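As provided, query39.pdb (PDB, C-alpha atoms) reads as follows.
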ATOM      1  CA  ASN U 196      -0.833  39.686  17.034  1.00  0.00           C
ATOM      2  CA  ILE U 197      -3.897  38.208  18.696  1.00  0.00           C
ATOM      3  CA  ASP U 198      -7.085  36.226  18.043  1.00  0.00           C
ATOM      4  CA  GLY U 199      -5.692  35.363  14.628  1.00  0.00           C
ATOM      5  CA  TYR U 200      -5.255  39.064  13.901  1.00  0.00           C
ATOM      6  CA  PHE U 201      -2.132  41.127  13.459  1.00  0.00           C
ATOM      7  CA  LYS U 202      -2.564  44.234  15.535  1.00  0.00           C
ATOM      8  CA  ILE U 203      -1.086  47.554  14.424  1.00  0.00           C
ATOM      9  CA  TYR U 204      -1.734  50.706  16.419  1.00  0.00           C
ATOM     10  CA  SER U 205       0.027  53.883  15.503  1.00  0.00           C
ATOM     11  CA  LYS U 206       0.367  57.658  15.357  1.00  0.00           C
ATOM     12  CA  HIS U 207       2.247  60.379  13.480  1.00  0.00           C
ATOM     13  CA  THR U 208       3.984  63.272  15.227  1.00  0.00           C
ATOM     14  CA  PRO U 209       7.175  65.365  15.026  1.00  0.00           C
ATOM     15  CA  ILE U 210      10.183  65.818  17.285  1.00  0.00           C
ATOM     16  CA  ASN U 211      12.733  68.623  17.720  1.00  0.00           C
ATOM     17  CA  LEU U 212      15.635  66.920  19.498  1.00  0.00           C
ATOM     18  CA  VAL U 213      19.030  65.702  18.241  1.00  0.00           C
ATOM     19  CA  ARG U 214      19.501  62.043  19.266  1.00  0.00           C
ATOM     20  CA  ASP U 215      16.862  60.452  21.499  1.00  0.00           C
ATOM     21  CA  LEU U 216      13.236  59.552  21.721  1.00  0.00           C
ATOM     22  CA  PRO U 217      11.343  62.252  23.603  1.00  0.00           C
ATOM     23  CA  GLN U 218       9.255  62.766  26.680  1.00  0.00           C
ATOM     24  CA  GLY U 219       5.757  64.245  26.542  1.00  0.00           C
ATOM     25  CA  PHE U 220       2.482  62.439  26.206  1.00  0.00           C
ATOM     26  CA  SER U 221       0.400  61.162  23.322  1.00  0.00           C
ATOM     27  CA  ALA U 222      -1.640  58.104  22.466  1.00  0.00           C
ATOM     28  CA  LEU U 223      -1.710  55.646  19.598  1.00  0.00           C
ATOM     29  CA  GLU U 224      -4.889  54.933  17.756  1.00  0.00           C
ATOM     30  CA  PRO U 225      -5.198  51.742  15.720  1.00  0.00           C
ATOM     31  CA  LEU U 226      -3.995  51.171  12.192  1.00  0.00           C
ATOM     32  CA  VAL U 227      -5.402  47.725  11.388  1.00  0.00           C
ATOM     33  CA  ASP U 228      -6.153  44.319  12.905  1.00  0.00           C
ATOM     34  CA  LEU U 229      -5.003  42.148  10.063  1.00  0.00           C
ATOM     35  CA  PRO U 230      -6.672  38.824   9.104  1.00  0.00           C
ATOM     36  CA  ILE U 231      -3.432  36.837   8.879  1.00  0.00           C
ATOM     37  CA  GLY U 232      -3.677  34.591  11.943  1.00  0.00           C
ATOM     38  CA  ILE U 233      -0.177  33.090  11.751  1.00  0.00           C
ATOM     39  CA  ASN U 234       2.514  32.154  14.275  1.00  0.00           C
ATOM     40  CA  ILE U 235       5.471  34.528  14.654  1.00  0.00           C
ATOM     41  CA  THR U 236       8.434  34.399  17.017  1.00  0.00           C
ATOM     42  CA  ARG U 237      10.726  37.192  15.799  1.00  0.00           C
ATOM     43  CA  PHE U 238      11.225  39.642  12.958  1.00  0.00           C
ATOM     44  CA  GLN U 239      13.467  42.157  11.273  1.00  0.00           C
ATOM     45  CA  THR U 240      12.996  45.720  10.067  1.00  0.00           C
ATOM     46  CA  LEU U 241      13.196  47.180   6.574  1.00  0.00           C
ATOM     47  CA  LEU U 242      14.868  50.470   5.742  1.00  0.00           C
ATOM     48  CA  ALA U 243      16.040  52.058   2.523  1.00  0.00           C
ATOM     49  CA  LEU U 244      19.720  52.926   2.260  1.00  0.00           C
TER      50      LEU U 244
ATOM     51  CA  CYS Z 488       2.391   9.762 -27.589  1.00  0.00           C
ATOM     52  CA  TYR Z 489      -0.946  11.586 -27.819  1.00  0.00           C
ATOM     53  CA  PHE Z 490      -1.989  15.136 -26.996  1.00  0.00           C
ATOM     54  CA  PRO Z 491      -3.275  15.509 -23.409  1.00  0.00           C
ATOM     55  CA  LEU Z 492      -6.207  17.798 -24.201  1.00  0.00           C
ATOM     56  CA  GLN Z 493      -9.113  17.887 -26.644  1.00  0.00           C
ATOM     57  CA  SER Z 494     -11.436  20.619 -27.890  1.00  0.00           C
ATOM     58  CA  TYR Z 495     -15.203  20.459 -27.523  1.00  0.00           C
ATOM     59  CA  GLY Z 496     -15.715  22.482 -30.701  1.00  0.00           C
ATOM     60  CA  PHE Z 497     -19.136  23.845 -29.793  1.00  0.00           C
ATOM     61  CA  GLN Z 498     -21.595  24.663 -32.583  1.00  0.00           C
ATOM     62  CA  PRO Z 499     -24.983  26.420 -32.503  1.00  0.00           C
ATOM     63  CA  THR Z 500     -26.738  23.108 -33.280  1.00  0.00           C
ATOM     64  CA  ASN Z 501     -25.436  21.473 -30.089  1.00  0.00           C
ATOM     65  CA  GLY Z 502     -27.524  18.869 -28.315  1.00  0.00           C
ATOM     66  CA  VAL Z 503     -28.778  19.382 -24.782  1.00  0.00           C
ATOM     67  CA  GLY Z 504     -26.105  16.977 -23.556  1.00  0.00           C
ATOM     68  CA  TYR Z 505     -23.231  18.482 -25.549  1.00  0.00           C
ATOM     69  CA  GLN Z 506     -24.364  22.113 -25.292  1.00  0.00           C
ATOM     70  CA  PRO Z 507     -21.910  24.365 -23.440  1.00  0.00           C
ATOM     71  CA  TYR Z 508     -22.521  24.990 -19.763  1.00  0.00           C
ATOM     72  CA  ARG Z 509     -20.855  27.738 -17.742  1.00  0.00           C
ATOM     73  CA  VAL Z 510     -19.924  26.639 -14.218  1.00  0.00           C
ATOM     74  CA  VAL Z 511     -19.109  28.632 -11.076  1.00  0.00           C
ATOM     75  CA  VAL Z 512     -18.024  26.883  -7.862  1.00  0.00           C
ATOM     76  CA  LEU Z 513     -18.314  28.941  -4.663  1.00  0.00           C
ATOM     77  CA  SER Z 514     -16.390  27.556  -1.681  1.00  0.00           C
ATOM     78  CA  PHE Z 515     -16.679  29.445   1.610  1.00  0.00           C
ATOM     79  CA  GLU Z 516     -13.632  29.564   3.899  1.00  0.00           C
ATOM     80  CA  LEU Z 517     -13.676  30.597   7.564  1.00  0.00           C
ATOM     81  CA  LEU Z 518     -11.041  30.363  10.288  1.00  0.00           C
ATOM     82  CA  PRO Z 521     -12.694  37.572  11.063  1.00  0.00           C
ATOM     83  CA  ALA Z 522     -15.651  36.794   8.835  1.00  0.00           C
ATOM     84  CA  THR Z 523     -15.079  39.291   6.025  1.00  0.00           C
ATOM     85  CA  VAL Z 524     -17.742  38.552   3.392  1.00  0.00           C
ATOM     86  CA  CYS Z 525     -21.279  38.440   4.758  1.00  0.00           C
ATOM     87  CA  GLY Z 526     -24.756  38.559   3.308  1.00  0.00           C
ATOM     88  CA  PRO Z 527     -26.877  41.555   2.445  1.00  0.00           C
ATOM     89  CA  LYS Z 528     -26.483  43.385   5.729  1.00  0.00           C
ATOM     90  CA  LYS Z 529     -31.713  43.080   5.236  1.00  0.00           C
ATOM     91  CA  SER Z 530     -30.882  45.933   7.592  1.00  0.00           C
ATOM     92  CA  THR Z 531     -33.781  48.206   8.514  1.00  0.00           C
ATOM     93  CA  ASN Z 532     -34.781  51.875   8.666  1.00  0.00           C
ATOM     94  CA  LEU Z 533     -33.652  54.054  11.547  1.00  0.00           C
ATOM     95  CA  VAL Z 534     -36.324  56.030  13.319  1.00  0.00           C
ATOM     96  CA  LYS Z 535     -35.759  57.802  16.619  1.00  0.00           C
TER      97      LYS Z 535
END

Whole structure given in structure tokens:
Amino acid sequence: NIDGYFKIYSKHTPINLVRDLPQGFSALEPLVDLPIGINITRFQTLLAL
Amino acid sequence: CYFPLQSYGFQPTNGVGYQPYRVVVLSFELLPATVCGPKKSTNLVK
């Protein structure tokens, strides 16, 4: 979240393990640099039960 | 106790002063400039 932008870079890939995050390389392209320009200190996630 | 608002009640025979007048107020706000003018751009040759 910079320059008055919110900065989201991302990627979509699979995994084939059981309980971990993997090794192996990749890169994240951008998603959006959002024109919000606010102050943020923390957050929470959202997930559907 | 009187109603707050009145009706103009425009008629076709309205006078230049009373005739109805559409209004549009355009205020520009900047703080990424998103809306710009007719980007006039030119023709690409090589």

Matched chain/residue IDs from the ChimeraX specification (/U :<10) & /Z, as a ChimeraX atom specification: /Z:518,521-523

Contact residues around stretch 221-226 of chain U with all atoms listed in the file at 10 Å, ignoring same-chain residues under 6 positions, as a VMD selection string: chain U and resid 202 to 208

Padding 6 Å on every side, please: axis-aligned box over the listed atoms of stretch 504-522 of chain Z, centre and edge lengths to one decimal in Å, as lines of an AutoDock Vina configuration file.
center_x = -18.6
center_y = 27.3
center_z = -7.2
size_x = 27.1
size_y = 32.6
size_z = 48.6
